[PDB]
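These notes concern the structure reproduced below.
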Amino acid sequence: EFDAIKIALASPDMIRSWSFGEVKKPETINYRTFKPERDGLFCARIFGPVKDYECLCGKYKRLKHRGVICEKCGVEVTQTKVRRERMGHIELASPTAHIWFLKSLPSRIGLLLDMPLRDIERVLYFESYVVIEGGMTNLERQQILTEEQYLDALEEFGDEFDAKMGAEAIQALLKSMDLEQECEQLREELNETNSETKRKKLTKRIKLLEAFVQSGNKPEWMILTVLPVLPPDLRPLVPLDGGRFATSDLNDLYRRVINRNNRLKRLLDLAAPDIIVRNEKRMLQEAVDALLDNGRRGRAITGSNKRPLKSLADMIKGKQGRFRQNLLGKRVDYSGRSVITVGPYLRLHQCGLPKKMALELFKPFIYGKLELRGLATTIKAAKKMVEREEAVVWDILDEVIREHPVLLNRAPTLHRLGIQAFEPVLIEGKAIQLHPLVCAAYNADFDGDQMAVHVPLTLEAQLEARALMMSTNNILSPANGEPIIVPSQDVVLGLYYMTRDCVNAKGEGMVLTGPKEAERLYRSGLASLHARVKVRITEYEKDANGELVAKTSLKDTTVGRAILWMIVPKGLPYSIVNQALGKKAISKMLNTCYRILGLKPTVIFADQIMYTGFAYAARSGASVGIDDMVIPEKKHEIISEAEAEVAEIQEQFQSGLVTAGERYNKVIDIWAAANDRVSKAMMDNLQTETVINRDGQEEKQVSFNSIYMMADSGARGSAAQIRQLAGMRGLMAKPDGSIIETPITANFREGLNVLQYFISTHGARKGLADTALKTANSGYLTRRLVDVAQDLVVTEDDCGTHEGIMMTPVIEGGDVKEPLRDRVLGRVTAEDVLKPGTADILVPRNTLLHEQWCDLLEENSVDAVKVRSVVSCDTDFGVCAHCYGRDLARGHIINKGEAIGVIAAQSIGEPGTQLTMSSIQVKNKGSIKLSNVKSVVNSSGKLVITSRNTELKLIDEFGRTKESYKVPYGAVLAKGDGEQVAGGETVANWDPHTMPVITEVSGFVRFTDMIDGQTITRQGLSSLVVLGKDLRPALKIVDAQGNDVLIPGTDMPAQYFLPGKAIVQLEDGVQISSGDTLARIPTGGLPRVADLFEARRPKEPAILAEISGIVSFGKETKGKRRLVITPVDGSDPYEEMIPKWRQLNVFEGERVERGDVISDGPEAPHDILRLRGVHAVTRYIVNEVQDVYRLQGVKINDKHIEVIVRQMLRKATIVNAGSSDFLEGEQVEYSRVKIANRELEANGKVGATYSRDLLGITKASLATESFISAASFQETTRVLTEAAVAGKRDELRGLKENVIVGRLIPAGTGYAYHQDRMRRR
Amino acid sequence: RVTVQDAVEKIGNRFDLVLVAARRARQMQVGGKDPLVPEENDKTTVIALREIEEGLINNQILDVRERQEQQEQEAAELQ
Amino acid sequence: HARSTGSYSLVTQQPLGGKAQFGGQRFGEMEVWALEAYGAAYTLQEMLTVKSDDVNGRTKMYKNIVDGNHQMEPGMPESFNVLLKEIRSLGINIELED
RNA sequence: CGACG
RNA sequence: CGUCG
DNA sequence: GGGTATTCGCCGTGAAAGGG
DNA sequence: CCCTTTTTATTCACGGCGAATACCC
Ligand SMILES: [Mg+2]
Ligand SMILES: [Zn+2]
Ligand SMILES: [Zn+2]
């Protein structure tokens, strides 16, 4: 049918040829007859009548009379479908301007003409005139004259002075201006390049003129002459019954426009003066302003009851527009909604469906079965048999709800596990039974939550729901390789109560023959569940290839573990059963069963675990009470000594010894210590409270308390809630930021007053408002994050790249946080890894890292592995199967044709709701390593540093790095190179208030150019403060001979300039050495994630060095501060400024290097990309986002951040144009440059130089090749104006463009169909 | 069966097997083909997915079967 | 509440919503994103073109389900035609190229 | 188009 | 996500 | 003769109803 | 179905982008 969408401007002849007649009458409804009027908005001879093949008079009632015209008014026979495409047009006696080309920010008319916006508003609102056709006139052609200048402007010039007022003057200025000679003069003006802002503005104007030249549109079409209308079927007017009439606002706006046009037409036929026709044209301008788009001005109109009317543009943009509520999200049929229910008797691949919902949602299937079985006569007889509640169609439902899966769905959807497929069964009730194993993925508790169910109709949809969207196929998380099917609270409690160790029970000390005898002894009551017995077990191993061996052994175990061993299949050993079996142990057991056996035995094993847990949860009988929450008897003594200590420190404060600012910290510290002591005593009382004797003396074991069993196994509730329940809950903080020094003394078991209940309500209301705002902030963040990487499909399997990233575990300063196994799992490396010991080849280039190569990688103890990433790929329009690696859902590689960007955005946006809104020493033993620092020896035997970007590492005895630190400039070193250090030893010591000015050489110091009164002030203390205006002092040194001391290698002499606001204590004439300073000078969370992904500029950014070279001061803060960094063999046209707030860290007598930080604070993400490299900003933002995520505890793999990073820097700019058609100041795509330079560099032509720039999630999404996906994201008017001016041709390539036109998205089968379509074409 | 795992081991793409199973189950419903496996109160999708796993129905097998049926049709129309 | 076939709106060819009026459930944009996380090509093709739009296509799909054919047609969404007639009502021209 | 959970 | 006019 | 740092506004997202 | 005159004047957080005055060589 169609393959592309072309958008351009609207010619008036095209609008005249689109319609069929002209409207003259403004009246629509006559309020007496049901038939519409012969002329108006609800026309009959233009759009057509309502009745199929019937005119207004009532003369055509036969279908054979189709093909003639009516003689009464001209109403032909039509249908109900063709009435929606017929349109009408309205002529305009006075021209008017457009709104989308006036306030486009920047304006199109303001960019095309040499005029600011305020003069265009003055001409369009009839405030000032413009001179037209001056010719030989001293006045400028674009000169603005006032009302008093028109008289002498007309009576002064000898020629005819004709100046138009309104849109006709703009139309004459557009018709009198050409395009080729103007762009030729602008290209001739390109060689001046006086200022850079004028240069980029001039190249923008040249690009706009070229976009007007190459397109087939005219600039004169912005002035509206013919205005089309909407069909009446798109604006329904239902006749209501009441005192007032119900109508649409757009019809009233069109009626007001026709009324103003008819008033202007009646006004032009009476020879009216200038002011009344000026007011009439102004009223028509306000009418066409209110019709197209109102609210952009300062005065938005209100129709009725103080409500702004929705124009043509208001019902398109926004959240309630047509793009978001009618195209991407539509209402569907064959759907239901009910309340969820547990239903523990079901399996994993099935759910429970009511009989009424299964009878309602499957009406045409029942009708088709009754037609094919030959039981009903027609469809009406089957309908009468269905709606009469007969017992004949009930067993027919057993044949259609047997192998037909339905699509269960929750109303909040965060990722792909929110929509799963189950095979529904017929239950009795009005509720849906949702399986408890998928409740961890659905995040749905049974406190009145509702879920939706959908019924697929197509055979391919049923096969895709069975093979891809099934619950048995999706058992792993999309963000990481962890199983999502976990026992939450009840099954883990049953497995913890069944498998536990006791010291004395019924039937202890007997040996059994097998697990069946243990189950028989448990069911008969002769033996207890928790007793140390000996059974004969046979475990199966698969160490051989093709068969499974067996071994028989007798181990001391429990009766409950012997019962649970029958649940465990042959593929798992006995080491996973004989443990404590907490919460993570069952997850590790299921992961081991999935990684050893596979998917088929795991889905039965999890169901058997859930069945055994639900069976033994009734046999346990765990209950809570008063005696279960014990109280420590030594709590009151700790409270008494704590209150005595607070009373003693309050007496010491009131006596006048310790100030309040330290006394408050002492009080909160001793209260935190008392709270920790009470918590430790409560934990020691809870974990050791039961003693059971065996023979004579007694023994102490783990207590069998119910709350301790629910807290230790991880069933429901963390340890902090048990600490707040039994022991004291601690200190409750104020919501403004402070915290009250007195804590809550009594716990929840004891009574409370109203003072111990107020601050808790304050914190609870603060947390509730915080989560109620941050869930909407996370929803907006993931809505912005889906549309960035929505068009990335894997199209290739292997490409071949030589670049990559340096994957290494990051060190923050203490211990490790992420090991080597969870960073490189399932990712293809780039090149060969160098061995530090023997220097051979370990891995090849293009190979996958499975669960066996990581063991060799951690046994070899490598430092950094060059691994291919998503950013360093070379595939055009997508990535390959090797640059991504494992998809974290299956054990094999990702198949070709998977949209991984949507999965990455859904896995990033899902745990976003959980996000809230002096000396350097070592810790362990090992050697040290210095980097980027020159060691200068001192007189005392120590080493001083000179560089600013130094960094210290800790190398172990094997060769790995386990600790790193960052020391600033000006700190002495205690340990040397190659010296083994111990724990608890200081390395570097410095002061954070004084910056050093110490040189590396010695000599007798001497003051130079220090006059008291102009630059220094002498004012106990023997020192002078350094503040003849442009004369800087110097610090020269004299040796023992008397000549000058020159540093070999550097042309700079041995002098130092004194900085401002610094004191100099030591005078001149003394011997100095190295080590004595001469001059003494004095948000994390979800907004941090939004700031990192949006790539916003910080509040106080840091300045990075562009080119390495010596520094030079231009000014000394007179009005500004200018610094010059000049190189040795080059010049510099770069002069930066200082915002007079950042501390100057770079000095004049130190080593310079490009890439040093001179201002403490956050750095800009754009400066690190353009100066350091491309693989440095990516690892930095990935490590920062991972640090923010690991501050809470969530686990997201690095590829999901890397694909968004790759989509961020997709745009690029051209520095040098050369022989290409692109300019040197435009922003185009990187893929077009990459496919254009391939034919230029291989041939004899020259290529263009490109430089990648970083863009946020908002700027990169709106700037793309398409105009449909950019119009439905945030805004609509600006991208539609750009697509109308430039004339872009859209191609349906991505995923979002196929949802609007309604066809197959590029899925895997979508990629197969697209490749078949490209092969056929 | 209750899960689709061995079809991934047979065809490691998990997108073309759905298309060839729909092509097998469509001709057994609209046109009418003899099922190669015995059915026990099953629909055409489960029958096609069961015929995929044994190896009697594949992509190139169905293509050469359609080609042989078209050649038989042209040979019948020739005589 | 459940609906297989019911009434539709007049401004657009979409089913209604609620319990007092005979309407169906809303398939939001997050459900489209979750379907795009899977393959779901023919599942998304039948969700927003056959069930809601294609007033001549959904009758053919109902007749195919009645006669016993689980085969659909792509058709043409009516909401895109409403959008094309709405942008053409302004001074912006937009058409389909073959 | 507003109120409520 | 619903109810009401 | 001439230019960008700083600042300050505008926009993006979550005056017309009453009688005869 | 059509003119006019005495004053309805109603309150976010954060970021991107466009425009009128200025000190220094
Ligand atoms: Mg709930
Ligand atoms: Zn007629
Ligand atoms: Zn690649």
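Residue numbering restarts at 1 for every chain of the structure tokens, chains are lettered A, B, ... in their displayed order, and ligands are numbered from 1 as they appear.
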
- Message: Distance limit 12 Å, atoms considered: only C-alpha atoms (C1' of nucleotides). Which chain A residues sit that close to chain F? Return them as a ChimeraX atom specification.
- Response: /A:103-106,194-198,295-304,317-319,773-774,776-781,783-784,1119-1121,1135-1139,1258,1273-1278

Only N, CA and C atoms, please: the residues just picked out, written as a short mmCIF file (atom, residue, chain, number, x, y, z; two decimals), in the first residue's frame.
```
data_model
loop_
_atom_site.label_atom_id
_atom_site.label_comp_id
_atom_site.auth_asym_id
_atom_site.auth_seq_id
_atom_site.Cartn_x
_atom_site.Cartn_y
_atom_site.Cartn_z
N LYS A 103 5.68 31.51 16.54
CA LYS A 103 6.21 31.26 17.87
C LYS A 103 6.86 29.88 17.94
N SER A 104 7.65 29.53 16.93
CA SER A 104 8.27 28.21 16.88
C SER A 104 9.48 28.09 17.79
N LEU A 105 10.05 29.22 18.24
CA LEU A 105 11.21 29.32 19.13
C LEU A 105 12.41 28.54 18.60
N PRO A 106 13.13 29.06 17.58
CA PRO A 106 13.00 30.39 16.98
C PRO A 106 11.96 30.47 15.87
N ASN A 194 33.79 37.13 11.48
CA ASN A 194 34.26 38.09 12.47
C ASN A 194 34.02 37.58 13.89
N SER A 195 32.79 37.17 14.19
CA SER A 195 32.43 36.65 15.50
C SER A 195 31.84 35.26 15.36
N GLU A 196 32.01 34.45 16.41
CA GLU A 196 31.58 33.05 16.33
C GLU A 196 30.07 32.90 16.49
N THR A 197 29.43 33.79 17.25
CA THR A 197 27.98 33.75 17.37
C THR A 197 27.31 34.20 16.08
N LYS A 198 27.85 35.25 15.45
CA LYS A 198 27.36 35.66 14.14
C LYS A 198 27.66 34.60 13.08
N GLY A 295 -4.10 29.91 23.81
CA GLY A 295 -3.33 29.70 25.02
C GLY A 295 -1.87 30.08 24.90
N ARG A 296 -1.35 30.23 23.68
CA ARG A 296 0.03 30.65 23.50
C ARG A 296 0.22 32.13 23.82
N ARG A 297 -0.84 32.92 23.76
CA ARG A 297 -0.77 34.34 24.06
C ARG A 297 -1.00 34.57 25.55
N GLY A 298 -1.09 35.84 25.96
CA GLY A 298 -1.35 36.14 27.35
C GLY A 298 -2.81 36.07 27.72
N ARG A 299 -3.71 36.14 26.74
CA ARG A 299 -5.15 36.12 26.97
C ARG A 299 -5.75 34.91 26.26
N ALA A 300 -5.98 33.84 27.01
CA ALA A 300 -6.65 32.66 26.49
C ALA A 300 -8.15 32.81 26.71
N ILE A 301 -8.93 32.51 25.68
CA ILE A 301 -10.38 32.69 25.74
C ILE A 301 -11.01 31.59 26.58
N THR A 302 -12.18 31.89 27.14
CA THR A 302 -12.95 30.95 27.94
C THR A 302 -14.37 30.91 27.40
N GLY A 303 -14.83 29.71 27.03
CA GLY A 303 -16.14 29.57 26.43
C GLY A 303 -17.28 29.64 27.43
N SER A 304 -17.34 28.69 28.36
CA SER A 304 -18.41 28.62 29.34
C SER A 304 -17.87 28.13 30.67
N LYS A 317 -1.28 17.41 21.17
CA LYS A 317 -0.17 17.36 22.10
C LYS A 317 -0.68 17.06 23.51
N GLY A 318 0.27 16.88 24.43
CA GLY A 318 -0.06 16.62 25.82
C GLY A 318 -0.30 15.15 26.10
N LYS A 319 -0.71 14.89 27.35
CA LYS A 319 -0.98 13.53 27.78
C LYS A 319 -2.32 13.03 27.26
N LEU A 773 5.49 10.91 45.63
CA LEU A 773 6.06 11.75 44.58
C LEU A 773 7.11 11.01 43.75
N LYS A 774 7.91 10.15 44.39
CA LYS A 774 8.99 9.50 43.67
C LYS A 774 8.51 8.36 42.77
N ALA A 776 5.86 8.74 40.82
CA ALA A 776 5.54 9.48 39.61
C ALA A 776 6.80 10.01 38.93
N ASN A 777 7.81 10.38 39.72
CA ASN A 777 9.09 10.78 39.15
C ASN A 777 9.77 9.62 38.43
N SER A 778 9.69 8.41 39.00
CA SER A 778 10.25 7.24 38.34
C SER A 778 9.46 6.84 37.10
N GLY A 779 8.13 7.02 37.13
CA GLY A 779 7.33 6.77 35.94
C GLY A 779 7.66 7.73 34.80
N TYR A 780 7.85 9.01 35.12
CA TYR A 780 8.26 9.98 34.11
C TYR A 780 9.67 9.70 33.61
N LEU A 781 10.56 9.23 34.49
CA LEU A 781 11.92 8.89 34.09
C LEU A 781 11.96 7.70 33.15
N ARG A 783 9.45 6.72 31.31
CA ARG A 783 8.78 7.14 30.08
C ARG A 783 9.73 7.92 29.18
N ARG A 784 10.62 8.72 29.77
CA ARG A 784 11.66 9.37 28.98
C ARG A 784 12.72 8.38 28.51
N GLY A 1119 37.84 43.67 36.67
CA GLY A 1119 36.45 43.38 36.39
C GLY A 1119 36.26 41.91 36.08
N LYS A 1120 37.28 41.31 35.47
CA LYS A 1120 37.30 39.89 35.16
C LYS A 1120 38.68 39.33 35.50
N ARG A 1121 38.82 38.02 35.37
CA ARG A 1121 40.09 37.33 35.57
C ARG A 1121 40.35 36.44 34.36
N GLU A 1135 40.83 32.34 25.43
CA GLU A 1135 40.92 33.13 26.65
C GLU A 1135 39.70 32.83 27.51
N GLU A 1136 39.91 32.12 28.62
CA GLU A 1136 38.82 31.76 29.50
C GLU A 1136 38.66 32.79 30.62
N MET A 1137 37.54 32.69 31.33
CA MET A 1137 37.23 33.58 32.44
C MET A 1137 37.01 32.78 33.71
N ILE A 1138 37.02 33.49 34.84
CA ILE A 1138 36.84 32.90 36.16
C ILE A 1138 35.59 33.51 36.78
N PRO A 1139 34.66 32.71 37.34
CA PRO A 1139 33.43 33.28 37.91
C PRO A 1139 33.59 33.82 39.33
N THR A 1258 16.44 13.83 26.40
CA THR A 1258 15.40 14.65 25.79
C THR A 1258 15.83 15.24 24.45
N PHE A 1273 6.53 12.12 21.72
CA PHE A 1273 7.31 11.94 22.95
C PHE A 1273 6.99 13.02 23.98
N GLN A 1274 7.35 14.27 23.68
CA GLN A 1274 7.06 15.38 24.58
C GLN A 1274 6.25 16.48 23.91
N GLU A 1275 6.66 16.94 22.73
CA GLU A 1275 6.04 18.08 22.08
C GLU A 1275 5.65 17.71 20.66
N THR A 1276 4.80 18.53 20.07
CA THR A 1276 4.27 18.26 18.74
C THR A 1276 4.45 19.43 17.78
N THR A 1277 4.34 20.67 18.26
CA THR A 1277 4.27 21.82 17.35
C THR A 1277 5.63 22.14 16.73
N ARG A 1278 6.71 22.03 17.52
CA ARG A 1278 8.03 22.39 17.02
C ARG A 1278 8.54 21.39 15.99
#
```

- Query: Counting only C-alpha atoms (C1' of nucleotides) and all ligand atoms, which protein, DNA or RNA residues come within 7 Å of ligand 1, given as JSON, numbers by chain?
  - Reply: {"A": [444, 445, 446, 447, 448, 449]}

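Backbone DSSP over chain C gives strand (DSSP E or B) for residues 2, 3, 8, 15, 26, 27, 92, 93, 94, 95, 96 and 97 of chain C.
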
- Item | chain A contacts to chain G at 12 Å (only C-alpha atoms (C1' of nucleotides)) as JSON, numbers by chain | {"A": [103, 104, 105, 106, 107, 110, 116, 117, 118, 306, 1087, 1090, 1091, 1094, 1095, 1096, 1097, 1098, 1115, 1118, 1119, 1120, 1258, 1259]}

Would you put the residues from that selection into a file with C-alpha atoms, as an mmCIF file, in the first residue's frame?
```cif
data_model
loop_
_atom_site.group_PDB
_atom_site.id
_atom_site.type_symbol
_atom_site.label_atom_id
_atom_site.label_comp_id
_atom_site.auth_asym_id
_atom_site.auth_seq_id
_atom_site.Cartn_x
_atom_site.Cartn_y
_atom_site.Cartn_z
ATOM 1 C CA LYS A 103 6.213 31.262 17.870
ATOM 2 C CA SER A 104 8.269 28.215 16.875
ATOM 3 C CA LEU A 105 11.211 29.320 19.135
ATOM 4 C CA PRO A 106 12.997 30.390 16.981
ATOM 5 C CA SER A 107 10.485 31.909 14.566
ATOM 6 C CA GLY A 110 12.023 35.873 12.186
ATOM 7 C CA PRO A 116 13.326 40.662 15.499
ATOM 8 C CA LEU A 117 10.100 39.147 16.773
ATOM 9 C CA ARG A 118 8.745 42.298 18.448
ATOM 10 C CA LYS A 306 -14.382 29.524 33.173
ATOM 11 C CA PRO A 1087 17.289 13.174 40.933
ATOM 12 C CA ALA A 1090 17.845 12.024 36.216
ATOM 13 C CA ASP A 1091 20.823 14.415 36.262
ATOM 14 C CA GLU A 1094 19.751 13.996 31.176
ATOM 15 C CA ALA A 1095 23.440 15.103 30.919
ATOM 16 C CA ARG A 1096 22.679 18.456 32.537
ATOM 17 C CA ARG A 1097 25.331 20.990 33.460
ATOM 18 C CA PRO A 1098 26.244 21.125 37.175
ATOM 19 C CA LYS A 1115 44.234 40.092 34.801
ATOM 20 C CA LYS A 1118 39.731 44.123 38.137
ATOM 21 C CA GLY A 1119 36.448 43.383 36.389
ATOM 22 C CA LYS A 1120 37.297 39.886 35.161
ATOM 23 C CA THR A 1258 15.403 14.650 25.793
ATOM 24 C CA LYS A 1259 17.533 16.320 23.104
#
```

Within 10 Å of ligand 2, which residues show up when you count only C-alpha atoms (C1' of nucleotides) and all ligand atoms? List them as a CSV table (one decimal) with N, CA and C atoms, in the first residue's frame, please.
```
chain,number,residue,atom,x,y,z
A,38,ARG,N,-28.6,23.0,4.2
A,38,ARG,CA,-28.0,22.8,2.9
A,38,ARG,C,-26.7,23.5,2.8
A,44,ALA,N,-24.9,19.2,3.7
A,44,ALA,CA,-25.4,18.0,3.1
A,44,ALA,C,-25.0,17.9,1.7
A,45,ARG,N,-24.8,19.0,0.9
A,45,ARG,CA,-24.3,18.9,-0.4
A,45,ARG,C,-22.8,18.8,-0.6
A,49,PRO,N,-25.3,13.4,3.4
A,49,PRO,CA,-26.3,13.2,4.4
A,49,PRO,C,-25.9,12.1,5.3
A,54,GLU,N,-29.9,8.3,0.5
A,54,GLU,CA,-31.1,9.0,0.7
A,54,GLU,C,-30.8,10.5,0.7
A,55,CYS,N,-31.6,11.3,-0.1
A,55,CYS,CA,-31.3,12.7,-0.1
A,55,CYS,C,-32.2,13.4,1.0
A,56,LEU,N,-32.2,14.8,0.9
A,56,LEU,CA,-33.0,15.5,1.9
A,56,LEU,C,-34.4,15.6,1.6
A,57,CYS,N,-34.8,15.6,0.3
A,57,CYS,CA,-36.2,15.7,-0.1
A,57,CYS,C,-36.9,14.4,0.1
A,58,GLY,N,-36.3,13.3,-0.2
A,58,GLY,CA,-36.9,12.0,0.0
A,58,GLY,C,-37.4,11.4,-1.4
A,59,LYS,N,-36.5,11.6,-2.4
A,59,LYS,CA,-36.9,11.1,-3.7
A,59,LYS,C,-36.1,9.9,-4.2
A,60,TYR,N,-35.0,9.6,-3.5
A,60,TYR,CA,-34.1,8.5,-3.9
A,60,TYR,C,-34.1,7.5,-2.8
A,69,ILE,N,-27.3,13.5,-9.8
A,69,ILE,CA,-27.2,14.6,-8.9
A,69,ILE,C,-28.6,15.1,-8.5
A,70,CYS,N,-28.8,15.8,-7.4
A,70,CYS,CA,-30.1,16.3,-7.0
A,70,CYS,C,-30.3,17.6,-7.6
A,71,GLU,N,-31.6,17.9,-7.9
A,71,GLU,CA,-32.0,19.2,-8.5
A,71,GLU,C,-32.4,20.2,-7.5
A,72,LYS,N,-32.7,19.8,-6.2
A,72,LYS,CA,-33.1,20.7,-5.2
A,72,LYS,C,-32.0,21.5,-4.6
A,73,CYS,N,-31.0,20.8,-4.1
A,73,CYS,CA,-29.8,21.5,-3.6
A,73,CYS,C,-28.5,20.9,-4.1
A,74,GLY,N,-28.4,19.7,-4.5
A,74,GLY,CA,-27.2,19.1,-5.0
A,74,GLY,C,-26.6,18.1,-4.1
A,75,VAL,N,-27.5,17.3,-3.4
A,75,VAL,CA,-27.1,16.3,-2.5
A,75,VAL,C,-27.1,14.9,-3.2
A,76,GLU,N,-25.9,14.4,-3.4
A,76,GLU,CA,-25.8,13.1,-4.1
A,76,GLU,C,-25.8,12.0,-3.0
A,77,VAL,N,-26.0,10.7,-3.5
A,77,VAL,CA,-26.1,9.6,-2.7
A,77,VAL,C,-24.7,9.2,-2.2
```

- Task: Return as a VMD selection string every polymer residue, whether protein, DNA or RNA, with at least one atom no more than 8 Å from an atom of ligand 3; count only C-alpha atoms (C1' of nucleotides) and all ligand atoms.
- Result: chain A and resid 798 to 801 868 870 872 to 875 879 to 883

- Task: If you run DSSP over the backbone, which residues in segment 9-41 of chain B end up alpha helix (DSSP H)? Put them as a ChimeraX atom specification.
- Result: /B:9-10,16-26

- Item | residue 9 of chain B environment, 12 Å, only C-alpha atoms (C1' of nucleotides), sequence neighbours closer than 3 positions dropped, as a list in words | residues 598, 599, 890, 891 and 892 of chain A; 4, 5, 6, 12, 13, 14, 17, 52 and 53 of chain B

- Find, counting only C-alpha atoms, the residue in B:37, B:25, B:75, B:11 that gets nearest to chain C.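 Between B:37, B:25, B:75, B:11, the residue approaching chain C most closely is B:25.
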
- Item | Distance filter 12 Å, only C-alpha atoms (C1' of nucleotides), chain A against chain D, as a list in words |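 Listing them in order of chain and number gives residues 304, 305, 306, 307, 308, 309 and 310 of chain A.
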
- Near-residue 692 of chain A list (12 Å; only C-alpha atoms (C1' of nucleotides); drop same-chain fewer than 2 positions) as a list in words: residues 502, 503, 504, 505, 688, 689, 690, 694, 695, 696, 697, 698, 699, 700, 701, 702, 703 and 704 of chain A

Write the residues of the preceding selection, restricted to C-alpha atoms, as a PDB file, in the first residue's frame.
```pdb
ATOM      1  CA  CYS A 502      17.539 -30.204  67.508  1.00  0.00           C
ATOM      2  CA  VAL A 503      19.452 -31.604  70.478  1.00  0.00           C
ATOM      3  CA  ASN A 504      16.709 -33.867  71.860  1.00  0.00           C
ATOM      4  CA  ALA A 505      13.456 -35.061  70.281  1.00  0.00           C
ATOM      5  CA  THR A 688      19.933 -18.183  73.172  1.00  0.00           C
ATOM      6  CA  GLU A 689      16.908 -18.691  75.427  1.00  0.00           C
ATOM      7  CA  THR A 690      16.057 -22.433  75.358  1.00  0.00           C
ATOM      8  CA  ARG A 694      20.226 -34.921  77.114  1.00  0.00           C
ATOM      9  CA  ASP A 695      21.818 -36.943  79.948  1.00  0.00           C
ATOM     10  CA  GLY A 696      22.518 -35.167  83.225  1.00  0.00           C
ATOM     11  CA  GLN A 697      23.737 -31.697  82.303  1.00  0.00           C
ATOM     12  CA  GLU A 698      21.864 -29.455  79.875  1.00  0.00           C
ATOM     13  CA  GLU A 699      22.836 -28.050  76.482  1.00  0.00           C
ATOM     14  CA  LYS A 700      22.210 -24.721  74.752  1.00  0.00           C
ATOM     15  CA  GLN A 701      21.136 -24.562  71.104  1.00  0.00           C
ATOM     16  CA  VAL A 702      19.303 -22.244  68.710  1.00  0.00           C
ATOM     17  CA  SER A 703      15.904 -21.214  70.071  1.00  0.00           C
ATOM     18  CA  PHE A 704      12.624 -22.348  68.492  1.00  0.00           C
TER      19      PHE A 704
END
```

Contact check, chain A to chain E, at most 10 Å, counting only C-alpha atoms (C1' of nucleotides), closest pairs as CSV:
```
residue,atom,partner,partner_atom,distance
A:411,CA,E:1,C1',7.4
A:412,CA,E:1,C1',9.6
A:449,CA,E:1,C1',9.9
A:450,CA,E:1,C1',8.4
A:451,CA,E:1,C1',9.8
```
